[PDB]
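*Asks:* If you read the protein sequences in the order shown, they are chains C1, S8, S4, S9 and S6. Just so you know, we're using the authors' numbering here: the first sequence kicks off at 2 and counts up by one. Taken in order, the second sequence gives residues 2 to 123, 135 to 200; the numbers are from the authors' numbering. Just so you know, we're using the authors' numbering here: the third sequence kicks off at 2 and counts up by one. Just so you know, we're using the authors' numbering here: the fourth sequence kicks off at 2 and counts up by one. Just so you know, we're using the authors' numbering here: the fifth sequence kicks off at 60 and counts up by one. We treat Cβ as the ideally placed atom computed from N, Cα and C, and that holds for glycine. Take a look at the following structure, please.
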Amino acid sequence: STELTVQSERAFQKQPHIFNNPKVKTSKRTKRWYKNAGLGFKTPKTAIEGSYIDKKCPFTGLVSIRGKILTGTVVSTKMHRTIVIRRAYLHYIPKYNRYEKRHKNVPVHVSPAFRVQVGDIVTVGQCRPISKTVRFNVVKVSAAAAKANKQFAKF
Amino acid sequence: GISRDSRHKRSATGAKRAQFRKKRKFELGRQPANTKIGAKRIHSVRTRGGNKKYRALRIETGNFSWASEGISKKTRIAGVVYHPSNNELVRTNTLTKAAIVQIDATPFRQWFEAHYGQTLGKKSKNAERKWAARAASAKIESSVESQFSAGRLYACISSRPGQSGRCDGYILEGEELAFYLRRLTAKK
Amino acid sequence: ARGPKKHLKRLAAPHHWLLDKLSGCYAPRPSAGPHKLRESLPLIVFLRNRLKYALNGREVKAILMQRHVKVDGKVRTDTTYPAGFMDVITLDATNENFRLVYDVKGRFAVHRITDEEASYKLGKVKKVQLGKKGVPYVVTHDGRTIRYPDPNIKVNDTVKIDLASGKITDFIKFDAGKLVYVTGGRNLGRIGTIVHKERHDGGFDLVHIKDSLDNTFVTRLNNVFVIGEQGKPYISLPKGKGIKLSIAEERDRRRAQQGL
Amino acid sequence: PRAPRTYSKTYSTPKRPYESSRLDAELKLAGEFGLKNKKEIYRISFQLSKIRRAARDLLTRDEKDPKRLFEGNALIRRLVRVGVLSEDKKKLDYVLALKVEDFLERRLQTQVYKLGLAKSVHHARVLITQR
Amino acid sequence: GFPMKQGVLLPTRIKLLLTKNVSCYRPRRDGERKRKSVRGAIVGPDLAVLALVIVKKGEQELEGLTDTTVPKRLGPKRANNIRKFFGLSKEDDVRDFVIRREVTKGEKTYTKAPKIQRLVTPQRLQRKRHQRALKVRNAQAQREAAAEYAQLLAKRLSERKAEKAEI
RNA sequence: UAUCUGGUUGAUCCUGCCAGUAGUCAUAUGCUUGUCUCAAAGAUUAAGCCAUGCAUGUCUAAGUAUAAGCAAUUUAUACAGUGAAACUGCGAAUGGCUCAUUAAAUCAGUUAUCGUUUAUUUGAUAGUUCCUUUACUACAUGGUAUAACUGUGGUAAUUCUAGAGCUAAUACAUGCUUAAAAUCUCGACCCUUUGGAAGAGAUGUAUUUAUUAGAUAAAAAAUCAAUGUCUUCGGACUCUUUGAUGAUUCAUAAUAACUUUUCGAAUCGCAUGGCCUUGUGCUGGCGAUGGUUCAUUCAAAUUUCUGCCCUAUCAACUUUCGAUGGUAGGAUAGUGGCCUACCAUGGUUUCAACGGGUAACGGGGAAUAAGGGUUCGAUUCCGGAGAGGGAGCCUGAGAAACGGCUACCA
RNA sequence: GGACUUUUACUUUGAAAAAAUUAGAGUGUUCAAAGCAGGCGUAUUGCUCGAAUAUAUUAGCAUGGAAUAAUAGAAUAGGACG
RNA sequence: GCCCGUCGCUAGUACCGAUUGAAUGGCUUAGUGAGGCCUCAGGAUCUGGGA
Ligand SMILES: [Mg+2]
Ligand SMILES: [Mg+2]
Ligand SMILES: [Mg+2]
Ligand SMILES: [Mg+2]
Ligand SMILES: [Mg+2]
Ligand SMILES: [Mg+2]
Ligand SMILES: [Mg+2]
Ligand SMILES: [Mg+2]
Ligand SMILES: [Mg+2]
Ligand SMILES: [Mg+2]
Ligand SMILES: [Mg+2]
Ligand SMILES: [Mg+2]
Ligand SMILES: [Mg+2]
Ligand SMILES: [Mg+2]
Ligand SMILES: [Mg+2]
Ligand SMILES: [Mg+2]
Ligand SMILES: [Mg+2]
Ligand SMILES: [Mg+2]
Ligand SMILES: [Mg+2]
Ligand SMILES: [Mg+2]
Ligand SMILES: [Mg+2]
Ligand SMILES: [Mg+2]
Ligand SMILES: [Mg+2]
Ligand SMILES: [Mg+2]
Ligand SMILES: [Mg+2]
Ligand SMILES: [Mg+2]
Ligand SMILES: [Mg+2]
Ligand SMILES: [Mg+2]
Ligand SMILES: [Mg+2]
Ligand SMILES: [Mg+2]
Ligand SMILES: [Mg+2]
Ligand SMILES: [Mg+2]
Ligand SMILES: [Mg+2]
Ligand SMILES: [Mg+2]
Ligand SMILES: [Mg+2]
Ligand SMILES: [Mg+2]
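Structure, rendered in structure tokens:
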């Protein structure tokens, strides 16, 4: 989520060991590192064009993506730089030979390279433990908004 | 012993979780080195599987490196002047990683003038060559030159003294330096 | 729970050993070594349960403490020492040389080999890395370290190994149509060439195998042990050549051979 | 900590305890083959029952199905082996038939009598159990 | 019968925690410590016994003390300890300066000396020769493999440059 | 292996339950009990309490022998056989037992470590150690202080131990060493160029920090700052070197330094041989124990996805005193609100949160046989938890250990 | 190797997969419950077949299918291909 | 003929109920706080700033 200020903490936000020599007069001020997480996920330009710092970003930060790759729909965006998705699924009861609707809510970190709204289907990649509960990271937005601009005024 | 299990601590629902098993050692924690300044005192602590961790308590020298100058010297550590985590660390001059310290400058002076032939602030054959070789490269930087006058340089502890018994850092440069300077004075 | 386990309940024992249900309670716990637990055959089980040479285990120490038996050339005197796939057991008395190479059912077989083929082994390299001071090394499925190997050598390739000295004298790249021995899963001990591999980035490449009976089957890559060119194995295969017949097919072969 | 010694029982008992007809039926058999127990009849009909079961379960699988052919043949070759199943009816819809006395007619008890040598189903017993 | 313990002060008893390497306690197990009663190191009339050691000899001899003298039981066993109980320099050669304790079998009187350790001998020197031997030999041997691989790679390069000129 | 029967009425057909019937690796109890084989067994109630004995110790040619021990013989005047005691080393963290707690916990199947530790077994791996660097540092090998033992003692009492006198090391604590080469910084002198130099030091591995390399997505150019190699002196640079992964700041390497400086054999058993300038010179055989880093193996620790019995006479729950997230740190083997600062206001819930109950350890499985089901699993295997209850910790590679210690409670 | 890809349910075959238990093949423990043995000769100097197969579902992985049932698409064109 | 309730006897079960009733178990406020561990000191002694 981040937005504005970027240098808004008590500590200086920077990328580890990405020294920029001040002697060397340069036109871009800050040298910035990045990668592609692989598995086929484009490292969106807003990660390379970005100036945010998030060490928990899978493109600009020091996290690796491995283990389960999951999709689920976004249902909470109130946590600064993280969200809560719901993954629905039917569950088979034998004896009755039918299923029942179930769900779980997975908490997952979301880098300022994505701009996620409630309702967006999102794909996340499993993580090293990143917080008390978050074990996933938003790796791609599948959605958009859900035709919001096609909710405008009158003729 | 301090335990770092998650088995206490409510679950995301807010549930209270019954105690399953007694504390294990392998999930242990220990108390902070809260390392201070002056006169070497280091206590080695025996960690999991052989392995020593070195607890610093009191330290006066540390190895500090001017990055854009490509060198490292070991200076006295003058004191702690800003800490992003806690002010009691600054007030009580506690050395931890990320602490901003002041160091000594006169090793970073002795080297500079002996490598550039310029002197900050304000006759050999080969040296004259070398000194004249360098420059267009001696041009330092305003807010780092001005610090040598004072005799003290701003530098961020970059190691973990409570772990390695080393209190090591880098001189504050460019962006970073400006940052902490802005903080330093708009609170001074 | 508190430290390394040091016992093995007979029943937890691996089943391709063919230990019997009664007559005890424990089975020999395979020592730490070059082969993993659940894919090994401990000296005690070979000298006694296969070769029938010893009667007790107590006799197996007596046999061994005479430095009679030696694995891959070195002597070895550990009643339970983990012997395993591709290794070379040798009884110096009796002139006998063996190789540990899998059945079809999936078990280790008593397979006699020549006095000269017993002087080298095959090893699947399990990784290759850059070591300290820039020296590159390969590591085989039996935990051998070999400094300075061929640049063309990469992970999954098998490798001929001296035994006498340490070195590699040849390798075989993992290419479509190369002789494969299957080391794991239910298709364990079958043999068959390679059709092609399924990629699957981020876990478990499959390898499509076909034997010399135009039969097909799949295992996880890790379960594939390269061992030559179609026809040409670089080691003598046991009888039955790892083909696997139907229960019906097998019954017939067994009940066709009957006229005393 | 030892392996379980496995075991099973070998007989099963009539659902209805007092069926006058099944009782007459049973007693006769005993009298014919020199049995002492109604259990010795229970045992066999229990053997028969399970055999019939496997015979059922097989004959619902397709004709010329692998398991059906393997295990089905096997079943017959065992039955013929002891002389319960007729050489003619060698295809297990008559194992599905079958019946108790076909099993009874083959015990040592009986054979020792059937071909002379005892001249009484009881003498037959007495002789055997006396080495 | 509780013992005293140097430097508790106090003229009473207390219950200290004791460890490896300390008075009035013998650990039964590695890192074992046991809580035990201890008598103070200040003499009261509650003591059963004073233990004392003479430092200066008074004007008169005491019977079983100054009059009688008891030999030290064992003599120097490690090399340079002999060389210092007799003061010898690394010249004199121990072997004949070792102590020698006679003893009798009844009609066979015997002779038994220690077993000098840290004695420099041919056998030791042969192992010192072997160590320095192996280190160098391995070092050279290892250098050759280095160069042999450096060749494999040098004449693999001129194989991607006769292949890059073939086409 | 798809069956029913007795009981409501005067009789009738229903509904419906009660009774009969059969099995139970399902416990008891009663009567009766001859033969072979097989063999469960203080789970249930009281994870209640326990007399006594036992259940953990251990030595190879090869760490330590002046036993004032035995044996004597067979060469051993340092030692040499055998060997108590004791030192040192390893083990006691396995095993055995039990099912108290435990309901998203454990457990299962399936994942993750690019998030760590790992005695051992197996495979590799160390020419660098000193010093202002000709009158040198033990390397033909440096230091004591201790058991056992001897002797003097103390207490009713224990695997209590004190004062005195000895003596070992693979215990303790020290401390030398070795080829050539190249590269780096310094630079005494000389001379003006385009510039070059004798010789001085530094450079094992580990540790800590900062900096750089670690390319590759198809191809080319100009210019600034430094500055590499070859002159056919305007100038060119031509061959130009690259590991793995789906992915990394990876493996590995380079620079400036940092360290109460990790490791780099003061160890042991067998044989005794070459080789001349005849020094007991210089060499040298098989293999034990060790030793750093790497790998491997035995492991461990966390960890993804999904799955639990009854309960709403439990509807809201979670942030006192962390509840959900961000930043920094500290702590740890290491990730992580694990803990602390600061900041924010979040997290869960009728798809049942939270709470309660369980005469709840979870699985592999057991009992019942048309099928669908229903009931059960303390208990031979795997996982987990515990050692009267709690907490704490020493040792150690591994324990929050109980046939270890410390404390409180009983 | 680059550049991008509407989401699902179902079903198929398959990989990964502890043993003991269960189903079940082979074998005459004298029979049997069992067990995993055993069987052949030159029974004076060894020959030899075994120690199968099946079930293993819910979840996860891999692959074939495109019916049935969901989903998203282009209407203020902010459309689609160049 | 059947049949309803008060009332009366015997026995049994459960309910309400003064006793601000009793007991066991699990969590827990506040107060007091053992002990080991870390840490500031200390220095019986015993050597070369350390133990
Ligand atoms: Mg927030
Ligand atoms: Mg073992
Ligand atoms: Mg993988
Ligand atoms: Mg010695
Ligand atoms: Mg009636
Ligand atoms: Mg009636
Ligand atoms: Mg009437
Ligand atoms: Mg009933
Ligand atoms: Mg009990
Ligand atoms: Mg029991
Ligand atoms: Mg002796
Ligand atoms: Mg255990
Ligand atoms: Mg001392
Ligand atoms: Mg040592
Ligand atoms: Mg480049
Ligand atoms: Mg590369
Ligand atoms: Mg690195
Ligand atoms: Mg000689
Ligand atoms: Mg209630
Ligand atoms: Mg945080
Ligand atoms: Mg709130
Ligand atoms: Mg409900
Ligand atoms: Mg319970
Ligand atoms: Mg159970
Ligand atoms: Mg249960
Ligand atoms: Mg119970
Ligand atoms: Mg425990
Ligand atoms: Mg008890
Ligand atoms: Mg408590
Ligand atoms: Mg305990
Ligand atoms: Mg006990
Ligand atoms: Mg125990
Ligand atoms: Mg399937
Ligand atoms: Mg089988
Ligand atoms: Mg009261
Ligand atoms: Mg503290």
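Give a yes or no on whether 8 Å exceeds the smallest Cβ distance from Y149 (chain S4) to chain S6.
*Replies:* Interface residue, yes.
*Asks:* Around the C-beta of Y149 (chain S4), are 16 or more other C-beta atoms found within 10 angstroms, so that it is buried, or is it exposed?
*Replies:* Buried, by the Cβ-count rule.
*Asks:* Between residue 196 (chain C1) and chain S4, is the shortest Cβ-Cβ distance under 8 Å, so that the two count as touching?
*Replies:* Because chain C1 is modelled from 2 through 156, residue 196 (chain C1) falls outside the range shown and cannot be assessed.
*Asks:* Please state whether DSSP places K75 (chain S8) in a helix, a strand or coil.
*Replies:* It is a strand residue.
*Asks:* Pull out every residue of the stretch 2 to 27 of chain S9 whose Cβ sits closer than 9 Å to any Cβ of chain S4, in chain order.
*Replies:* Residues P2, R3, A4, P5, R6 and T7.
*Asks:* Span of the beta strand (DSSP E) holding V123 (chain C1)?
*Replies:* Start and end: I122 to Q127.
*Asks:* Per DSSP, which residues does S45 (chain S8) bridge with? Please list them.
*Replies:* According to DSSP, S45 (chain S8) bridges with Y55 (chain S8).
*Asks:* Tell me whether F144 (chain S6) sits in a helix, a strand or coil according to DSSP, three-state version.
*Replies:* Helix at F144 (chain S6).
*Asks:* What ranges does the beta strand (DSSP E) occupy inside the stretch 150 to 209 of chain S6, keeping only unbroken runs of at least 3 residues that lie completely in it?
*Replies:* Those beta strand (DSSP E) runs which fall completely within the stretch 150 to 209 of chain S6 and span 3+ residues are 160 to 163 and 168 to 171.
*Asks:* Residues of chain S8 with a CB under 8 Å from the CB of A146 (chain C1): which are they?
*Replies:* Result: empty, since nearest Cβ-Cβ is about 28 Å, beyond 8 Å.
*Asks:* Would you mind sorting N150 (chain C1) into buried or exposed? The rule is 16 or more other CB atoms within 10 Å of its CB.
*Replies:* Exposed, by the Cβ-count rule.
*Asks:* Closest by CA to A119 (chain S9), which one among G35 (chain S9), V85 (chain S9), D58 (chain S9) and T7 (chain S9)?
*Replies:* Taking only the C-alpha atoms, the option nearest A119 (chain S9) is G35 (chain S9).
*Asks:* Leaving out five residues on either side along the sequence, give the residues of the same chain with a beta carbon under 7 Å from the beta carbon of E72 (chain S9).
*Replies:* These residues qualify, in order along the chain: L59.
*Asks:* In the structure shown, what three-state DSSP assignment does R252 (chain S4) receive?
*Replies:* Helix.
*Asks:* Hey, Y182 (chain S8) and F13 (chain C1) are a contact pair by Cβ (cut 8 Å); roughly how many whole angstroms apart?
*Replies:* The pair is not a contact, with the Cβ atoms about 12 Å apart (cut-off 8 Å).
*Asks:* Would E33 (chain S9) pass as a contact of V113 (chain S9) if the rule is Cβ separation under 8 Å?
*Replies:* No, the Cβ-Cβ distance between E33 (chain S9) and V113 (chain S9) is not below 8 Å.
*Asks:* Is DSSP giving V7 (chain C1) helix, strand or coil here?
*Replies:* Here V7 (chain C1) sits in coil by DSSP.
*Asks:* Can you find the residues in the same chain that come closer than 6 Å, C-beta to C-beta, to residue 1 (chain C1), ignoring five residues on each side of it along the sequence?
*Replies:* As shown, chain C1 starts at 2 and ends at 156. That puts residue 1 (chain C1) outside it, with no answer to give.
*Asks:* In chain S4, what lies closer than 8 Å to residue 1 (chain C1) by C-beta?
*Replies:* Residue numbering for chain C1 in the displayed model covers 2 to 156; residue 1 (chain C1) lies beyond these limits and cannot be assessed.
*Asks:* Below 7 Å, is the gap between the Cβ of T78 (chain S4) and the nearest heavy atom of ligand 2?
*Replies:* Checking the Cβ of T78 (chain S4) against ligand 2 gives no.
*Asks:* Using the rule of at least 16 other Cβ atoms within 10 Å of the residue's Cβ for burial, across every protein chain shown, is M66 (chain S4) buried or exposed?
*Replies:* Exposed, since its Cβ has fewer than 16 Cβ neighbours within 10 Å.
*Asks:* Please return the same chain residues whose Cβ sits closer than 8 Å to the Cβ of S9 (chain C1), not counting the five positions on each side in sequence.
*Replies:* Closer than 8 Å at the Cβ level, and outside the excluded window around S9 (chain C1), lies no residue.
*Asks:* For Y166 (chain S8) and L189 (chain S8), which I take to be in contact (beta-carbon distance under 8 Å), what is that distance rounded to the nearest angstrom?
*Replies:* About 6 Å separates the two Cβ atoms, so the contact holds.
*Asks:* State yes or no: is the C-beta of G68 (chain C1) nearer than 7 Å to some heavy atom of ligand 3?
*Replies:* Not under cutoff, so the answer is no.
*Asks:* According to a CB-to-CB cut-off of less than 7 Å, which residues of the stretch 78 to 90 of chain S8 neighbour chain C1?
*Replies:* If the cut-off is 7 Å between Cβ atoms, the stretch 78 to 90 of chain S8 has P85 near chain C1.
*Asks:* Can you check DSSP and say which residues form a bridge with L71 (chain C1)?
*Replies:* According to DSSP, which records beta bridges pairwise, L71 (chain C1) is partnered with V125 (chain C1).
*Asks:* Within its chain, find whatever has a CB closer than 6 Å to the CB of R172 (chain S8); leave out the 5 residues flanking it on each side and keep chain order.
*Replies:* Cβ within range, chain order: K98.
*Asks:* Take the Cβ of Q103 (chain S8) as the centre, count every other Cβ of all protein chains shown within 10 Å, and call the residue buried at 16 or more, exposed below.
*Replies:* Buried.
*Asks:* How would you write the range of the beta strand (DSSP E) that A144 (chain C1) sits in, first residue to last?
*Replies:* Run containing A144 (chain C1): none; DSSP gives neither H nor E here.
*Asks:* Which of the three DSSP states is assigned to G124 (chain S4) in this structure?
*Replies:* Here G124 (chain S4) sits in strand by DSSP.
*Asks:* Tell me the rounded alpha-carbon separation between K24 (chain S8) and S4 (chain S8).
*Replies:* Between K24 (chain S8) and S4 (chain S8), the C-alpha separation is close to 7 Å.
*Asks:* Three or more C-beta pairs under 8 Å: does that hold for the stretch 115 to 127 of chain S6 against the stretch 143 to 159 of chain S6?
*Replies:* Taking 8 Å as the limit for Cβ pairs, the verdict is that the stretch 143 to 159 of chain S6 does not touch the stretch 115 to 127 of chain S6.
*Asks:* Give me the subset of the stretch 170 to 189 of chain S8 whose CB atoms are less than 7 Å from a CB atom of chain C1, sorted by chain position.
*Replies:* For the stretch 170 to 189 of chain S8, which is checked against every Cβ of chain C1, the residues closer than 7 Å are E185, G186 and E188.
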